[PDB]
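Residue numbers (the authors' numbering), protein chains in the order written: chain A, 27 to 223, 230 to 331; chain B, 27 to 166, 173 to 223, 230 to 328.
Ideal Cβ placement from N, Cα and C applies to all residues, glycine included.
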């Protein structure tokens, strides 16, 4: 395939009901945004926009949205498991890394800066793996006295700065992972990463099914940019898919239940076709479908 | 010890923030219930009462309070693990049963009827274990059989104990279980005289509150509800975390209990129910401020 694949991830019960809440919150704003169509007022746009934002955060981790109860330290032994237990995306990642760590490889991961970076690091501390950041920050200053075949490099999707922090790697990235949808693989800094020695490193994007993640990714290759049609299809989908949020299809489940061993072949020959189906398409929902969806809320 | 022990259980992140929400919901009602003390209006009482109820449900499982996303089928292979992953109480139970299932034993479990029963059954399907209910309902070679009884009236004449052996242990899932009642006293004495009681309790949760103040104010006293509500609200921050001492036992998947499982006469290996402070109208205010 295209060297640009998706890796669907589930959603914890908490992640689901969080999203469900986020939607209930913008309930009226949603109906508005779809009623007076095209006219569209700025307040309402910002509402749709931030409802989308908060949905995106929760999709990769609840802590990105709610500090409450976040461990004061992310270093303690138990944290990695706890983080994974609360974000299907993190759980998939961890599963993934449990495989790639066996190999001698440098693997790149791009995600939005800030708390996402920290949580990403914290999650990775549960893996037999070297960790390099490129923002001069970290939660473990100290370096691994250990000997790991696999090193994981954590890059910001929003500007890197390779002159103060260069790639001391001395080897190609065998794979680049998109954690958020904040990642624009077209940008130069990310294009630099992919070509670090075929010409391009495989991209694999972690996406929660039927989540905002799914919406942004699919409509993105069909309406682009900040079109009215993008936001309309994306918001309508997020809201309507809210019920099937983050459940893998029956076909796909065993692969994930099997802790993703299904991917070993492709991991060893990154030239072989991506073993998983292409990003499932999403319907273009109508102002009608959103109303019908939001009703089952109303009593 | 007394043949009546507690088994603390943790709380999932979701169970925590749910409780936290439940509290925020009754925020004003709480301040009211503590301000105009003793006077107490009926609406507010019902508020305190149901805030307590909803907290209790969440403590044993979030699905008891929010249908949203509950699998339409509880039989599929993955359900047991999913349920446990979302209630520290269920996770402890499963851990427990993973031990007791190795033995030739009949183990009794009492919990509130209804969805609790179903979820209990679903959770148990992940265990090498026979399951008997006594409500004629259900959603579906083992040494271990687990008997699920309602805490709220049983009916042993339409559904008798075909067991033919003593219950080596009786487990309280909810706080809905009154071991003093006759039907439960019948169960404990089914062949020493009484089966050991072990009660699953989420630390610093309403569960903890009800159980401890219960042996200190009883019944539906003003002082019970006052100490219980104040505690639930204030402990909200330390909700469902085991003390450093206790953690390894649980991390070790509870093997620490094997000795007691084999000789139910040995003293309960875990500390007695940790006491809770009697909090003041003052402490609840300070707690709710933040």
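Contact check for residue 85 of chain A against residue 41 of chain A passes: the beta carbons are separated by less than 8 Å.
When beta bridges are read from the DSSP output, residue 158 of chain A appears opposite A/179. Secondary structure at residue 120 of chain A: helix, using DSSP grouped into helix, strand and coil. By the C-beta criterion, the segment 116-136 of chain A is judged not to be in contact with the segment 53-71 of chain A, since fewer than 3 inter-stretch pairs fall below 8 Å. From the listed residues B/51, B/323 and B/247, the smallest Cα separation to residue 269 of chain B is found for B/247. Note on the segment 41-112 of chain A: whole alpha helix (DSSP H) runs with a minimum of 4 residues are 53-61, 68-86 and 105-110, in chain order. In this structure residue 72 of chain A does not touch residue 138 of chain A by the C-beta definition: roughly 19 Å separates them, more than the 8 Å allowed. Between residue 244 of chain A and residue 32 of chain A, the C-beta gap is not smaller than 8 Å, which leaves the two residues out of contact. Judged by DSSP secondary structure, residue 201 of chain A falls within the beta strand (DSSP E) whose first and last residues are 199-204. Any Cβ of chain B closer than 8 Å to the Cβ of residue 92 of chain A would place that residue at the interface, and such an atom is present. Within chain A, the residues placing a beta-carbon under 9 Å from that of residue 111 of chain B are 38, 39 and 111, ordered along the chain. Taking 8 Å as the CB threshold, residue 222 of chain A stays off the interface with chain B.
Here residue 171 of chain A is exposed. Its C-beta has fewer than 16 other C-beta atoms within 10 Å. Taking a cut-off of 8 Å on C-beta distances, the segment 207-218 of chain A does not touch the segment 288-295 of chain A, as fewer than three cross pairs fall below it. Residue environment: residue 187 of chain B is assigned as exposed (fewer than 16 neighbouring CB atoms within 10 Å of its CB, all protein chains considered). As the crow flies, the alpha-carbon of residue 95 of chain A is around 44 Å from that of residue 231 of chain A.
Per DSSP, the beta bridge partners of residue 136 of chain B are B/181 and B/204. One finds nothing in chain B with a Cβ atom closer than 9 Å to the Cβ of residue 329 of chain A; even the nearest lies about 11 Å away. Around the CB of residue 206 of chain A, 16 or more other CB atoms lie within 10 Å, so the residue is classed as buried. Residue 99 of chain A has its alpha-carbon roughly 16 Å from the corresponding atom of residue 92 of chain A. DSSP places residue 31 of chain B inside the beta strand (DSSP E), whose first and last residues are 30-35. In the pairwise beta carbon analysis, the segment 187-205 of chain A is classified as touching the segment 153-172 of chain A: at least three pairs are separated by under 8 Å. By the neighbour-count definition (other C-beta atoms within 10 Å, threshold 16), residue 200 of chain A is a buried residue. Between residue 28 of chain A and residue 166 of chain B, the alpha-carbon positions lie close to 46 Å from each other. The beta carbon of residue 50 of chain A is closer than 8 Å to those of 329 in its chain, skipping five residues each way along the sequence.
By the neighbour-count criterion, in which 16 or more other beta carbons inside 10 Å mark a residue as buried, residue 65 of chain A falls on the exposed side. For residue 233 of chain B, there is no enclosing alpha helix (DSSP H), as DSSP marks it with neither H nor E. Closest option to residue 197 of chain B, judged by alpha-carbon separation, among B/210, B/214, B/177 and B/209: B/177.
In the DSSP assignment, residue 303 of chain B falls outside any alpha helix (DSSP H) and carries neither an H nor an E. Residue contact with chain A for residue 46 of chain B: present (Cβ-Cβ distance below 8 Å to some residue of chain A). A direct Cα-to-Cα measurement between residue 106 of chain A and residue 255 of chain B gives close to 43 Å.
Counting along the chain, residue 214 of chain B sits inside the alpha helix (DSSP H) bounded by residues 214-220. With a cutoff of 8 Å on beta-carbon distance, residue 322 of chain A and residue 272 of chain A are scored as near each other.
Listed by position along chain B, the residues whose Cβ is nearer than 7 Å to that of residue 95 of chain A are 39, 42 and 43.
B/324 is the residue among B/324, B/258, B/101 and B/63 whose C-alpha sits nearest the C-alpha of residue 274 of chain B.
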